[PDB]
>>> print(open('run00.txt').read())   # compact mmCIF, N, CA and C atoms
# COMPACT_ATOMS: atom_id res chain seq x y z
N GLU A 8 -16.96 5.27 -26.01
CA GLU A 8 -17.89 4.29 -25.36
C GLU A 8 -17.18 3.60 -24.18
N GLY A 9 -17.85 3.51 -23.05
CA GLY A 9 -17.24 2.87 -21.85
C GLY A 9 -17.51 1.36 -21.88
N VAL A 10 -16.84 0.62 -21.03
CA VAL A 10 -17.06 -0.87 -20.97
C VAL A 10 -18.17 -1.18 -19.96
N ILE A 11 -19.05 -2.09 -20.30
CA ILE A 11 -20.17 -2.46 -19.37
C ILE A 11 -19.91 -3.86 -18.79
N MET A 12 -20.06 -4.00 -17.49
CA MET A 12 -19.87 -5.33 -16.83
C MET A 12 -20.84 -5.49 -15.65
N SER A 13 -21.68 -6.50 -15.70
CA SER A 13 -22.65 -6.74 -14.58
C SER A 13 -22.14 -7.85 -13.67
N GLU A 14 -22.56 -7.86 -12.43
CA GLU A 14 -22.06 -8.87 -11.44
C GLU A 14 -23.09 -9.13 -10.35
N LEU A 15 -23.10 -10.32 -9.80
CA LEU A 15 -23.95 -10.63 -8.61
C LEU A 15 -23.08 -11.22 -7.49
N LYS A 16 -23.21 -10.69 -6.29
CA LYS A 16 -22.44 -11.24 -5.13
C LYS A 16 -23.37 -12.05 -4.22
N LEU A 17 -22.94 -13.24 -3.85
CA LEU A 17 -23.82 -14.16 -3.06
C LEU A 17 -23.10 -14.62 -1.79
N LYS A 18 -23.84 -14.96 -0.76
CA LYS A 18 -23.23 -15.54 0.47
C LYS A 18 -24.03 -16.78 0.92
N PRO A 19 -23.36 -17.91 1.15
CA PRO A 19 -24.04 -19.09 1.75
C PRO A 19 -24.42 -18.80 3.21
N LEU A 20 -25.58 -19.23 3.63
CA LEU A 20 -25.99 -19.06 5.07
C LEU A 20 -25.35 -20.12 6.02
N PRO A 21 -25.37 -21.44 5.73
CA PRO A 21 -24.51 -22.37 6.53
C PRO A 21 -23.03 -22.12 6.22
N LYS A 22 -22.15 -22.55 7.10
CA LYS A 22 -20.68 -22.33 6.89
C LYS A 22 -20.11 -23.42 5.97
N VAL A 23 -20.07 -23.16 4.68
CA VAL A 23 -19.51 -24.15 3.71
C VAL A 23 -18.83 -23.42 2.55
N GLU A 24 -17.72 -23.95 2.08
CA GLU A 24 -17.01 -23.34 0.90
C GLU A 24 -16.97 -24.34 -0.26
N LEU A 25 -17.56 -23.99 -1.38
CA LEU A 25 -17.63 -24.93 -2.54
C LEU A 25 -16.45 -24.68 -3.50
N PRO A 26 -15.93 -25.74 -4.11
CA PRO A 26 -14.82 -25.58 -5.11
C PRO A 26 -15.25 -24.67 -6.29
N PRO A 27 -14.28 -24.20 -7.06
CA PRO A 27 -14.56 -23.20 -8.14
C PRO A 27 -15.43 -23.77 -9.27
N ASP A 28 -15.66 -25.07 -9.31
CA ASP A 28 -16.53 -25.66 -10.39
C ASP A 28 -18.02 -25.39 -10.10
N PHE A 29 -18.38 -25.26 -8.84
CA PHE A 29 -19.83 -25.02 -8.48
C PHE A 29 -20.35 -23.72 -9.12
N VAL A 30 -19.58 -22.66 -9.06
CA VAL A 30 -20.09 -21.31 -9.49
C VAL A 30 -20.54 -21.35 -10.97
N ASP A 31 -19.88 -22.15 -11.78
CA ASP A 31 -20.28 -22.28 -13.22
C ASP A 31 -21.61 -23.03 -13.32
N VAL A 32 -21.78 -24.08 -12.54
CA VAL A 32 -23.03 -24.91 -12.62
C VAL A 32 -24.22 -24.09 -12.10
N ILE A 33 -24.01 -23.33 -11.04
CA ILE A 33 -25.11 -22.45 -10.49
C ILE A 33 -25.50 -21.38 -11.53
N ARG A 34 -24.52 -20.78 -12.18
CA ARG A 34 -24.82 -19.74 -13.23
C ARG A 34 -25.68 -20.31 -14.36
N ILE A 35 -25.39 -21.53 -14.79
CA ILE A 35 -26.18 -22.16 -15.91
C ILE A 35 -27.63 -22.41 -15.45
N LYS A 36 -27.81 -22.89 -14.25
CA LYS A 36 -29.19 -23.16 -13.73
C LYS A 36 -29.99 -21.86 -13.58
N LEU A 37 -29.36 -20.82 -13.07
CA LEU A 37 -30.12 -19.60 -12.63
C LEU A 37 -30.27 -18.59 -13.78
N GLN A 38 -29.32 -18.55 -14.69
CA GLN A 38 -29.32 -17.48 -15.77
C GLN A 38 -30.66 -17.40 -16.51
N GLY A 39 -31.03 -16.22 -16.95
CA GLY A 39 -32.38 -15.99 -17.55
C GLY A 39 -33.36 -15.44 -16.50
N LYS A 40 -33.13 -15.74 -15.24
CA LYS A 40 -33.98 -15.15 -14.15
C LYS A 40 -33.39 -13.82 -13.67
N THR A 41 -34.22 -12.96 -13.13
CA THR A 41 -33.73 -11.64 -12.62
C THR A 41 -33.54 -11.69 -11.10
N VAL A 42 -32.58 -10.96 -10.59
CA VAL A 42 -32.25 -11.02 -9.13
C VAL A 42 -32.19 -9.61 -8.54
N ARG A 43 -32.61 -9.46 -7.30
CA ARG A 43 -32.47 -8.16 -6.58
C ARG A 43 -31.90 -8.40 -5.18
N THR A 44 -31.15 -7.45 -4.66
CA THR A 44 -30.51 -7.61 -3.30
C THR A 44 -31.55 -7.93 -2.22
N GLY A 45 -31.25 -8.85 -1.34
CA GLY A 45 -32.17 -9.17 -0.20
C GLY A 45 -33.01 -10.42 -0.50
N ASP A 46 -33.12 -10.83 -1.75
CA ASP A 46 -33.89 -12.08 -2.08
C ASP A 46 -33.22 -13.31 -1.45
N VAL A 47 -34.00 -14.32 -1.14
CA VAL A 47 -33.44 -15.59 -0.58
C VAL A 47 -34.06 -16.79 -1.31
N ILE A 48 -33.24 -17.72 -1.74
CA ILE A 48 -33.76 -18.93 -2.46
C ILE A 48 -33.04 -20.19 -1.97
N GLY A 49 -33.72 -21.32 -1.99
CA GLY A 49 -33.12 -22.59 -1.47
C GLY A 49 -32.78 -23.51 -2.65
N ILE A 50 -31.64 -24.17 -2.58
CA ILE A 50 -31.25 -25.16 -3.64
C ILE A 50 -30.92 -26.50 -2.97
N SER A 51 -31.47 -27.58 -3.49
CA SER A 51 -31.07 -28.94 -3.01
C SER A 51 -29.89 -29.47 -3.83
N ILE A 52 -28.78 -29.76 -3.18
CA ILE A 52 -27.57 -30.25 -3.91
C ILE A 52 -27.05 -31.54 -3.25
N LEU A 53 -26.85 -32.58 -4.02
CA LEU A 53 -26.24 -33.87 -3.51
C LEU A 53 -26.97 -34.38 -2.26
N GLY A 54 -28.26 -34.14 -2.17
CA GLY A 54 -29.06 -34.65 -1.01
C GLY A 54 -28.84 -33.78 0.23
N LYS A 55 -28.43 -32.53 0.06
CA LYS A 55 -28.23 -31.62 1.23
C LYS A 55 -28.86 -30.26 0.94
N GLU A 56 -29.68 -29.77 1.84
CA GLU A 56 -30.36 -28.45 1.62
C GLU A 56 -29.42 -27.30 1.98
N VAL A 57 -29.23 -26.38 1.06
CA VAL A 57 -28.42 -25.15 1.35
C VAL A 57 -29.23 -23.90 1.00
N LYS A 58 -29.26 -22.93 1.89
CA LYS A 58 -29.94 -21.63 1.60
C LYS A 58 -28.92 -20.59 1.13
N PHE A 59 -29.22 -19.89 0.06
CA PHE A 59 -28.31 -18.81 -0.44
C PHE A 59 -29.00 -17.45 -0.33
N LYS A 60 -28.32 -16.47 0.22
CA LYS A 60 -28.86 -15.08 0.25
C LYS A 60 -28.16 -14.20 -0.79
N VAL A 61 -28.89 -13.34 -1.44
CA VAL A 61 -28.28 -12.40 -2.44
C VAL A 61 -27.74 -11.17 -1.70
N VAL A 62 -26.44 -10.98 -1.72
CA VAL A 62 -25.80 -9.90 -0.90
C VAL A 62 -25.99 -8.55 -1.62
N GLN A 63 -25.77 -8.53 -2.91
CA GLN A 63 -25.89 -7.25 -3.69
C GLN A 63 -26.02 -7.55 -5.19
N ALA A 64 -26.93 -6.86 -5.85
CA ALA A 64 -27.03 -6.96 -7.33
C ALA A 64 -26.48 -5.68 -7.98
N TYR A 65 -25.63 -5.83 -8.97
CA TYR A 65 -25.02 -4.64 -9.64
C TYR A 65 -25.18 -4.74 -11.17
N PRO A 66 -25.93 -3.85 -11.81
CA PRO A 66 -26.92 -2.93 -11.15
C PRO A 66 -28.17 -3.70 -10.74
N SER A 67 -28.98 -3.14 -9.87
CA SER A 67 -30.26 -3.81 -9.47
C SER A 67 -31.44 -3.13 -10.20
N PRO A 68 -32.43 -3.89 -10.67
CA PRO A 68 -32.34 -5.38 -10.87
C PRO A 68 -31.45 -5.71 -12.08
N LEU A 69 -30.99 -6.94 -12.17
CA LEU A 69 -30.32 -7.41 -13.42
C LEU A 69 -30.69 -8.87 -13.70
N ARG A 70 -30.61 -9.29 -14.95
CA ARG A 70 -30.75 -10.74 -15.29
C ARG A 70 -29.37 -11.39 -15.31
N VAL A 71 -29.28 -12.62 -14.86
CA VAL A 71 -27.96 -13.34 -14.81
C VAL A 71 -27.69 -13.99 -16.17
N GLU A 72 -26.55 -13.71 -16.75
CA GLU A 72 -26.18 -14.33 -18.06
C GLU A 72 -24.75 -14.88 -17.99
N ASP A 73 -24.36 -15.67 -18.97
CA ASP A 73 -22.96 -16.24 -19.00
C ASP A 73 -21.90 -15.12 -19.00
N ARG A 74 -22.25 -13.95 -19.49
CA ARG A 74 -21.28 -12.79 -19.48
C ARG A 74 -21.27 -12.09 -18.11
N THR A 75 -22.31 -12.27 -17.31
CA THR A 75 -22.33 -11.65 -15.94
C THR A 75 -21.44 -12.47 -14.99
N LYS A 76 -20.61 -11.79 -14.23
CA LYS A 76 -19.67 -12.51 -13.30
C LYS A 76 -20.35 -12.75 -11.95
N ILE A 77 -20.08 -13.87 -11.32
CA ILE A 77 -20.65 -14.16 -9.97
C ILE A 77 -19.52 -14.50 -8.99
N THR A 78 -19.57 -13.95 -7.80
CA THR A 78 -18.48 -14.18 -6.80
C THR A 78 -19.07 -14.67 -5.47
N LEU A 79 -18.40 -15.62 -4.84
CA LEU A 79 -18.88 -16.14 -3.52
C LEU A 79 -18.09 -15.48 -2.38
N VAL A 80 -18.78 -14.90 -1.43
CA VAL A 80 -18.09 -14.26 -0.26
C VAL A 80 -18.01 -15.25 0.90
N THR A 81 -16.88 -15.30 1.57
CA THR A 81 -16.75 -16.12 2.81
C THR A 81 -15.78 -15.46 3.79
N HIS A 82 -15.79 -15.90 5.03
CA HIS A 82 -14.87 -15.31 6.06
C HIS A 82 -13.65 -16.23 6.26
N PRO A 83 -12.53 -15.67 6.71
CA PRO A 83 -11.31 -16.49 6.93
C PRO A 83 -11.52 -17.45 8.11
>>> encode(input="run00.txt", output="structure tokens")
Amino acid sequence: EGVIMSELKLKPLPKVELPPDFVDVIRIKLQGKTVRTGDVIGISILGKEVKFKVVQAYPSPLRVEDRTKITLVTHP
């Protein structure tokens, strides 16, 4: 039997980098919903509007769970 691991990659549209505690809080809010590459959703955080685009779902479609890993992409 092989090992199974699902993942979702996301990119912020404004230029901002959030500390590593954000990714856990976003996973708890979103998990249970299904995601596909190309979808776009808006989240209000601390009185500031941020748009997030879904870069790639592996595999697509998938549901987000605490066992699914999520990674934030940014440029140097």
>>> closest_residue(input="run00.txt", among="A:54, A:39, A:27, A:19", to="residue 81 (chain A)", atoms="all atoms listed in the file")
A:19
>>> select_by_dssp(input="run00.txt", residues="chain A", states="helix (DSSP H, G or I)", output="PDB file with N, CA and C atoms, in the frame of the given file")
ATOM      1  N   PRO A  27     -14.280 -24.200  -7.060  1.00  0.00           N
ATOM      2  CA  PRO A  27     -14.560 -23.200  -8.140  1.00  0.00           C
ATOM      3  C   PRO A  27     -15.430 -23.770  -9.270  1.00  0.00           C
ATOM      4  N   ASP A  28     -15.660 -25.070  -9.310  1.00  0.00           N
ATOM      5  CA  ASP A  28     -16.530 -25.660 -10.390  1.00  0.00           C
ATOM      6  C   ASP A  28     -18.020 -25.390 -10.100  1.00  0.00           C
ATOM      7  N   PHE A  29     -18.380 -25.260  -8.840  1.00  0.00           N
ATOM      8  CA  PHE A  29     -19.830 -25.020  -8.480  1.00  0.00           C
ATOM      9  C   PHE A  29     -20.350 -23.720  -9.120  1.00  0.00           C
ATOM     10  N   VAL A  30     -19.580 -22.660  -9.060  1.00  0.00           N
ATOM     11  CA  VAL A  30     -20.090 -21.310  -9.490  1.00  0.00           C
ATOM     12  C   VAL A  30     -20.540 -21.350 -10.970  1.00  0.00           C
ATOM     13  N   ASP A  31     -19.880 -22.150 -11.780  1.00  0.00           N
ATOM     14  CA  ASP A  31     -20.280 -22.280 -13.220  1.00  0.00           C
ATOM     15  C   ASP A  31     -21.610 -23.030 -13.320  1.00  0.00           C
ATOM     16  N   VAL A  32     -21.780 -24.080 -12.540  1.00  0.00           N
ATOM     17  CA  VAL A  32     -23.030 -24.910 -12.620  1.00  0.00           C
ATOM     18  C   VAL A  32     -24.220 -24.090 -12.100  1.00  0.00           C
ATOM     19  N   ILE A  33     -24.010 -23.330 -11.040  1.00  0.00           N
ATOM     20  CA  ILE A  33     -25.110 -22.450 -10.490  1.00  0.00           C
ATOM     21  C   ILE A  33     -25.500 -21.380 -11.530  1.00  0.00           C
ATOM     22  N   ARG A  34     -24.520 -20.780 -12.180  1.00  0.00           N
ATOM     23  CA  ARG A  34     -24.820 -19.740 -13.230  1.00  0.00           C
ATOM     24  C   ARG A  34     -25.680 -20.310 -14.360  1.00  0.00           C
ATOM     25  N   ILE A  35     -25.390 -21.530 -14.790  1.00  0.00           N
ATOM     26  CA  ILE A  35     -26.180 -22.160 -15.910  1.00  0.00           C
ATOM     27  C   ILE A  35     -27.630 -22.410 -15.450  1.00  0.00           C
ATOM     28  N   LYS A  36     -27.810 -22.890 -14.250  1.00  0.00           N
ATOM     29  CA  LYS A  36     -29.190 -23.160 -13.730  1.00  0.00           C
ATOM     30  C   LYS A  36     -29.990 -21.860 -13.580  1.00  0.00           C
ATOM     31  N   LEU A  37     -29.360 -20.820 -13.070  1.00  0.00           N
ATOM     32  CA  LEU A  37     -30.120 -19.600 -12.630  1.00  0.00           C
ATOM     33  C   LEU A  37     -30.270 -18.590 -13.780  1.00  0.00           C
TER      34      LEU A  37
END
>>> closest_residue(input="run00.txt", among="A:53, A:10, A:48, A:71", to="residue 34 (chain A)", atoms="only C-alpha atoms")
A:71
>>> select_by_dssp(input="run00.txt", residues="chain A", states="strand (DSSP E or B)", output="mmCIF file with N, CA and C atoms, keeping the file's coordinate frame")
data_model
loop_
_atom_site.group_PDB
_atom_site.id
_atom_site.type_symbol
_atom_site.label_atom_id
_atom_site.label_comp_id
_atom_site.auth_asym_id
_atom_site.auth_seq_id
_atom_site.Cartn_x
_atom_site.Cartn_y
_atom_site.Cartn_z
ATOM 1 N N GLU A 14 -22.560 -7.860 -12.430
ATOM 2 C CA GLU A 14 -22.060 -8.870 -11.440
ATOM 3 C C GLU A 14 -23.090 -9.130 -10.350
ATOM 4 N N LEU A 15 -23.100 -10.320 -9.800
ATOM 5 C CA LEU A 15 -23.950 -10.630 -8.610
ATOM 6 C C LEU A 15 -23.080 -11.220 -7.490
ATOM 7 N N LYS A 16 -23.210 -10.690 -6.290
ATOM 8 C CA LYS A 16 -22.440 -11.240 -5.130
ATOM 9 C C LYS A 16 -23.370 -12.050 -4.220
ATOM 10 N N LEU A 17 -22.940 -13.240 -3.850
ATOM 11 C CA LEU A 17 -23.820 -14.160 -3.060
ATOM 12 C C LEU A 17 -23.100 -14.620 -1.790
ATOM 13 N N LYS A 18 -23.840 -14.960 -0.760
ATOM 14 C CA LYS A 18 -23.230 -15.540 0.470
ATOM 15 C C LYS A 18 -24.030 -16.780 0.920
ATOM 16 N N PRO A 19 -23.360 -17.910 1.150
ATOM 17 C CA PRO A 19 -24.040 -19.090 1.750
ATOM 18 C C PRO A 19 -24.420 -18.800 3.210
ATOM 19 N N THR A 41 -34.220 -12.960 -13.130
ATOM 20 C CA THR A 41 -33.730 -11.640 -12.620
ATOM 21 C C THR A 41 -33.540 -11.690 -11.100
ATOM 22 N N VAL A 42 -32.580 -10.960 -10.590
ATOM 23 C CA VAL A 42 -32.250 -11.020 -9.130
ATOM 24 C C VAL A 42 -32.190 -9.610 -8.540
ATOM 25 N N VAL A 47 -34.000 -14.320 -1.140
ATOM 26 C CA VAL A 47 -33.440 -15.590 -0.580
ATOM 27 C C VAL A 47 -34.060 -16.790 -1.310
ATOM 28 N N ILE A 48 -33.240 -17.720 -1.740
ATOM 29 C CA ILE A 48 -33.760 -18.930 -2.460
ATOM 30 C C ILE A 48 -33.040 -20.190 -1.970
ATOM 31 N N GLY A 49 -33.720 -21.320 -1.990
ATOM 32 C CA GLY A 49 -33.120 -22.590 -1.470
ATOM 33 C C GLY A 49 -32.780 -23.510 -2.650
ATOM 34 N N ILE A 50 -31.640 -24.170 -2.580
ATOM 35 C CA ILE A 50 -31.250 -25.160 -3.640
ATOM 36 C C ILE A 50 -30.920 -26.500 -2.970
ATOM 37 N N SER A 51 -31.470 -27.580 -3.490
ATOM 38 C CA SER A 51 -31.070 -28.940 -3.010
ATOM 39 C C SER A 51 -29.890 -29.470 -3.830
ATOM 40 N N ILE A 52 -28.780 -29.760 -3.180
ATOM 41 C CA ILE A 52 -27.570 -30.250 -3.910
ATOM 42 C C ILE A 52 -27.050 -31.540 -3.250
ATOM 43 N N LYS A 55 -28.430 -32.530 0.060
ATOM 44 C CA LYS A 55 -28.230 -31.620 1.230
ATOM 45 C C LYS A 55 -28.860 -30.260 0.940
ATOM 46 N N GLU A 56 -29.680 -29.770 1.840
ATOM 47 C CA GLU A 56 -30.360 -28.450 1.620
ATOM 48 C C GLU A 56 -29.420 -27.300 1.980
ATOM 49 N N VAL A 57 -29.230 -26.380 1.060
ATOM 50 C CA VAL A 57 -28.420 -25.150 1.350
ATOM 51 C C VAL A 57 -29.230 -23.900 1.000
ATOM 52 N N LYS A 58 -29.260 -22.930 1.890
ATOM 53 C CA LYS A 58 -29.940 -21.630 1.600
ATOM 54 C C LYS A 58 -28.920 -20.590 1.130
ATOM 55 N N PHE A 59 -29.220 -19.890 0.060
ATOM 56 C CA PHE A 59 -28.310 -18.810 -0.440
ATOM 57 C C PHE A 59 -29.000 -17.450 -0.330
ATOM 58 N N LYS A 60 -28.320 -16.470 0.220
ATOM 59 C CA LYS A 60 -28.860 -15.080 0.250
ATOM 60 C C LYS A 60 -28.160 -14.200 -0.790
ATOM 61 N N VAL A 61 -28.890 -13.340 -1.440
ATOM 62 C CA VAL A 61 -28.280 -12.400 -2.440
ATOM 63 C C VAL A 61 -27.740 -11.170 -1.700
ATOM 64 N N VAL A 62 -26.440 -10.980 -1.720
ATOM 65 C CA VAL A 62 -25.800 -9.900 -0.900
ATOM 66 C C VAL A 62 -25.990 -8.550 -1.620
ATOM 67 N N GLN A 63 -25.770 -8.530 -2.910
ATOM 68 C CA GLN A 63 -25.890 -7.250 -3.690
ATOM 69 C C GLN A 63 -26.020 -7.550 -5.190
ATOM 70 N N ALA A 64 -26.930 -6.860 -5.850
ATOM 71 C CA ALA A 64 -27.030 -6.960 -7.330
ATOM 72 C C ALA A 64 -26.480 -5.680 -7.980
ATOM 73 N N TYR A 65 -25.630 -5.830 -8.970
ATOM 74 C CA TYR A 65 -25.020 -4.640 -9.640
ATOM 75 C C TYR A 65 -25.180 -4.740 -11.170
ATOM 76 N N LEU A 69 -30.990 -6.940 -12.170
ATOM 77 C CA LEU A 69 -30.320 -7.410 -13.420
ATOM 78 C C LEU A 69 -30.690 -8.870 -13.700
ATOM 79 N N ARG A 70 -30.610 -9.290 -14.950
ATOM 80 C CA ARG A 70 -30.750 -10.740 -15.290
ATOM 81 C C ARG A 70 -29.370 -11.390 -15.310
ATOM 82 N N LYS A 76 -20.610 -11.790 -14.230
ATOM 83 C CA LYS A 76 -19.670 -12.510 -13.300
ATOM 84 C C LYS A 76 -20.350 -12.750 -11.950
ATOM 85 N N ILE A 77 -20.080 -13.870 -11.320
ATOM 86 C CA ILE A 77 -20.650 -14.160 -9.970
ATOM 87 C C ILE A 77 -19.520 -14.500 -8.990
ATOM 88 N N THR A 78 -19.570 -13.950 -7.800
ATOM 89 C CA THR A 78 -18.480 -14.180 -6.800
ATOM 90 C C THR A 78 -19.070 -14.670 -5.470
ATOM 91 N N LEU A 79 -18.400 -15.620 -4.840
ATOM 92 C CA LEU A 79 -18.880 -16.140 -3.520
ATOM 93 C C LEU A 79 -18.090 -15.480 -2.380
#
>>> closest_residue(input="run00.txt", among="A:37, A:77, A:12, A:23", to="residue 56 (chain A)", atoms="only C-alpha atoms")
A:23
>>> closest_residue(input="run00.txt", among="A:58, A:76, A:82, A:43", to="residue 21 (chain A)", atoms="only N, CA and C atoms")
A:58
>>> atom_distance(input="run00.txt", atom1="atom N of residue 24 (chain A)", atom2="atom N of residue 49 (chain A)")
16.7 Å
>>> atom_distance(input="run00.txt", atom1="CA of residue 26 (chain A)", atom2="CA of residue 51 (chain A)")
16.7 Å
>>> residues_around(input="run00.txt", residues="residue 41 (chain A)", least_positions_apart="6", cutoff="6.5 Å", atoms="only N, CA and C atoms", output="PyMOL selection string")
chain A and resi 68-71
>>> residues_around(input="run00.txt", residues="residue 61 (chain A)", least_positions_apart="5", cutoff="6 Å", atoms="all atoms listed in the file", output="number ranges by chain")
A: 16-18, 44-47
>>> atom_distance(input="run00.txt", atom1="CA of residue 78 (chain A)", atom2="CA of residue 25 (chain A)")
11.6 Å
>>> closest_residue(input="run00.txt", among="A:66, A:55, A:72, A:11", to="residue 35 (chain A)", atoms="only N, CA and C atoms")
A:72
